Amino acid sequence: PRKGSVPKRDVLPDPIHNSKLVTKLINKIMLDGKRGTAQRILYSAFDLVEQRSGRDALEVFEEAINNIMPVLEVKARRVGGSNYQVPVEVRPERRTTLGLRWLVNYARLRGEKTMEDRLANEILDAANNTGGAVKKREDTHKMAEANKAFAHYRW
Amino acid sequence: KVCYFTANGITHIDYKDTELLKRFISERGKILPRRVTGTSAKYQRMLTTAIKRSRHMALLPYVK
Amino acid sequence: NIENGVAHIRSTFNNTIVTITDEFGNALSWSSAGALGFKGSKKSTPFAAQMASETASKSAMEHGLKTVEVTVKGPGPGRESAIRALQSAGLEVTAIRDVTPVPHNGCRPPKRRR
RNA sequence: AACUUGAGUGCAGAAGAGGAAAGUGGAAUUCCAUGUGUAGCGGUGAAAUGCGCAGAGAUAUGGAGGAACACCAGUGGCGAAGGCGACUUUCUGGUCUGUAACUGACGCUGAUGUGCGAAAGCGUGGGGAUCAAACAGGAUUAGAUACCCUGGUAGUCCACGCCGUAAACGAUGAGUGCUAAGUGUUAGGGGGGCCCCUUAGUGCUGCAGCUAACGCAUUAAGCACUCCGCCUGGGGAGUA
């Protein structure tokens with residue numbers, strides 16, 4: 001906000017895979033404070049993508065996250081009757097927040113039977129550069145590509 | 001600073017004296033302000049007249 | 001030719017017309033910021049001028065241009081980016097002269113806005 | 001009758017976009033003709049009208065025409081005011097400084113009068129580049145006979161006349177003399193590049209004093225004398 005910066009609340013490493021990224025994915029799946037389900041959703045999908053791909057569950061997840069994380073965002077400026085869409089490079093911390101969010105949202109929007117299979121399906125598709133999660137960043141990059149003429153309007 | 005027209009005693013600036021005038025025309029032939037050259041008000045006027053006479057007679061450039 | 005082809009750059013508050021002609025005033029090619037698909041408020045930007053210059057600069061190399069004189073005519077934002085867009089293409093800029101016309105009066109300037 | 005200080009004349013100097021006429025230039029705008037040249041140009045907050053593809057914009061050369069004179073250029077200068085900036089020449093007005101050669105009050109103000117008087121406007125005849133009232137569109141708005149954009153006519157220019165109005169303002173009549181200072185700038189003079197003194201302009205602070213206050217203050221809106229113009233609550237009305 002106006003006064004300086006806000007310290008962020010940190011997470012502890014995952015119980016199984018020992019990854020702070022994995023625990024934050026649970027924090028996104030969780031609805032109404034229900035940790036139990038969210039913890040079961042991920043482990044029923046991490047162990048599931050191992051049967052589909054074959055490689056390590058955390059190894060595919062790390063590959064997939066890289067293919068969802070955006071490199072260049074588009075923040076909005078204003079001169080008047082024209083709104084300046086100024087492309088801004090994404091800071092590393094926001095990239096993980098956006099990549100995890102796009103994994104969950106574009107897994108919920110799909111459907112086969114349940115959430116665990118949808119999450120597992122989206123995880124493998126992201127590592128293969130397919131799915132809505134990677135199509136969101138491709139549009140995020142595209143808008144940053146088009147508006148390079150507004151680069152020097154970065155406040 | 002010193003006028004060079006009062007210091008050296010020049011009481012008649014000649015438009016044929018192109019060399020003397022080239023000290024006040026800068027890089028374009030643009031007449032230099034008297035604050036920059038430090039000539040008095042009395043001699044800034046007869047120097048401007050001499051410069052403009054030289055420009056017409058093609059002894060000094062209008063622009064450069 | 002071989003070299004010595006002057007480049008005239010017209011940087012205004014709108015697009016920057018960059019044209020590359022020989023030493024004797026014969027146009028080889030030209031490329032304005034508006035010919036690159038740029039919309040308004042994109043036309044007068046340093047980024048647009050960057051592509052505007054080099055787009056005409058590549059067309060010059062086909063006639064074998066190794067020397068350019070940059071004659072800039074206009075007070076526009078896309079001036080300096082245009083000149084560095086010529087060296088980035090390897091055109092060996094020699095001189096930077098400004099030729100923005102200055103009337104010794106003798107014309108009634110169009111009324112200003114309100 | 002007499003006198004010079006007032007006012008003028010003489011002599012020696014000074015500066016000035018003061019005025020009128022005729023010439024001579026350079027930059028720029030527009031248009032025209034070609035060479036090169038290719039798909040845009042231009043404009044906005046975004047647009048679009050609009051100009052282009054029948055070759056526009058750009059660029060180079062040349063030509064035609066009109067208008068105004070960058071830099072110098074400043075609380076700078078001149079003029080009664082309005083106003084006066086390119087250079088040259090010819091006529092021509094005013095002002096300042098010094099001297100004290102001459103006249104010895106020849107002075108001030110000034111109703112009526114008589115002239116000058118920014119822009120806009122009118123008549124006649126020219127000229128017409130640029131910008132343009134009005135007019136056409138294209139937009140914004142709920143509407144937009146407006147601000148924005150694209151063009152565009154009179155006018156803007158010249159010569160004669162007419163008009164005689166402006167926040168034509170320092171919103172401050174003209175003349176004369178007196179009344180603390182400080183510090184500039186313009187044009188001279190006299191003394192010992194510097195200092196001092198001094199004359200006339202033009203500025204900024206600032207005393208006494210004045211004012212309702214703001215403020216003015218040796219360029220008064222202070223202190224005095226002469227003359228002219230003007231005012232007597234607001235509308236109706238600068239209208240009959």
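So you know, we letter chains A, B, ... as the sequences are listed, proteins then strands, and number each from 1. No hydrogens, no waters, no symmetry mates; every other heavy atom, side chains included, goes into these values.
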Determine, with a yes or no, whether D/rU156 stacks on D/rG155 under the 5.5 Å centre and 30 degree plane limits. yes
Quick one: pull up NZ in A/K148 and OG1 in C/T45 and give me the separation to the nearest 0.5 Å. 13.0 Å
Quick one: do the A/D14 and A/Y43 side chains pair a donor with an acceptor below 3.5 Å? yes
Does a Watson-Crick or G-U wobble pair link D/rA33 to D/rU61, with each of the two distances under 3.5 Å? yes
Does D/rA73 carry a north or a south sugar when the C1'-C2'-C3'-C4' torsion is used to decide? south
Syn or anti conformation of D/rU5, syn meaning chi within 90° of 0: syn
Name the pairing partner of D/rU176, where a pair is Watson-Crick or G-U wobble with both distances under 3.5 Å, or state none. D/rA224
What is the glycosidic conformation of D/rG74: syn, defined as within 90° of 0, or anti? syn
Among C/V70, C/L86, C/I83, C/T67, the one residue meeting side-chain contact (heavy atoms from CB on, under 4.5 Å) with C/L91: C/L86
When you look at D/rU141 and D/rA154 together, do they satisfy the Watson-Crick or wobble criterion (both atom distances under 3.5 Å)? no
Between D/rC84 and D/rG19, how far apart are the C1' atoms? Round to whole Å, please. 9 Å
Closest nucleotide among D/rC131, D/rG16, D/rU44 to the B/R45 side chain: D/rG16
Strand partner of D/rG45, provided both Watson-Crick or wobble distances fall under 3.5 Å: none
Assigned glycosidic conformation for D/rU141 [threshold 90° from 0]: syn
What nucleotide, of D/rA70, D/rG57, D/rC72, holds the atom closest to the side chain of B/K30? D/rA70
Watson-Crick or G-U wobble, both distances under 3.5 Å: is that what D/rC78 and D/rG83 have going on? yes
For the residue pair A/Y84 and A/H152, is the inter-centroid distance of their aromatic rings smaller than 6.0 Å? no
Is there a base pair between D/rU49 and D/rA217, Watson-Crick or G-U wobble, given that both distances have to be under 3.5 Å? no
Which way is the base of D/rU109 turned, syn or anti, if we draw the line at 90° from 0? anti
Nucleotide of D/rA58, D/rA133, D/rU130 approaching C/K111 most closely (side-chain heavy atoms): D/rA133
Counting only Watson-Crick and G-U wobble pairs whose two distances fall below 3.5 Å, is D/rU9 partnered with D/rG94? no
Where the side chain of C/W30 is concerned, which of D/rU59, D/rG42, D/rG40 is the nearest nucleotide? D/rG40
Any donor-acceptor N/O pair under 3.5 Å between D/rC71 base and B/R55 side chain: yes
If the glycosidic angle is within 90 degrees of 0 it's syn, otherwise anti, so just tell me which one D/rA220 is. syn
Verify the contact: side-chain N or O of C/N15 to OP1 or OP2 of D/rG42, cut-off strictly under 4.0 Å; return yes or no. yes
Please give me the minimum heavy-atom distance between C/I20 and C/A7, naming the atom from each residue. CG1-CB, 3.9 Å
Would D/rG184 and D/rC214 pass as a Watson-Crick or G-U wobble pair if both distances have to be under 3.5 angstrom? no
Can you tell me how far P in D/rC71 sits from the matching atom in D/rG37, rounded to whole Å? 42 Å
Write down the distance separating the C1' atoms in D/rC147 and D/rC53, rounded off to the nearest Å. 36 Å
For the base of D/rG43, is there a side-chain donor-acceptor partner from C/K43 under 3.5 Å away? yes
For residues A/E50 and A/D56, determine if any side-chain heavy atom of one lies less than 4.5 Å from a side-chain heavy atom of the other. yes
Whole-Å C1' distance, D/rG65 and D/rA118: 30 Å
Taking for C/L36 and for B/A7 the nucleotide of RNA chain D with the nearest heavy atom, the one nearer the 5' end belongs to C/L36
Using a 3.5 Å upper limit on both distances, decide if D/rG52 and D/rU114 constitute a Watson-Crick or G-U wobble pair. no
In terms of side-chain heavy atoms of B/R34, which of D/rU185, D/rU29, D/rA58 is nearest? D/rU185
Under 5.5 Å between six-ring centres and under 30° between planes, true for D/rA100 and D/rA101? no
Side-chain donor-acceptor contact under 3.5 Å, C/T94 with C/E69: yes
Going by Watson-Crick or G-U wobble geometry, both distances under 3.5 Å, is D/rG25 a partner of D/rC69? yes
Which nucleotide sits closest to the side chain of B/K42: D/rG188, D/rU185, D/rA46? D/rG188
The side chain of C/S32 lies closest to which of these nucleotides: D/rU88, D/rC41, D/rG188? D/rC41
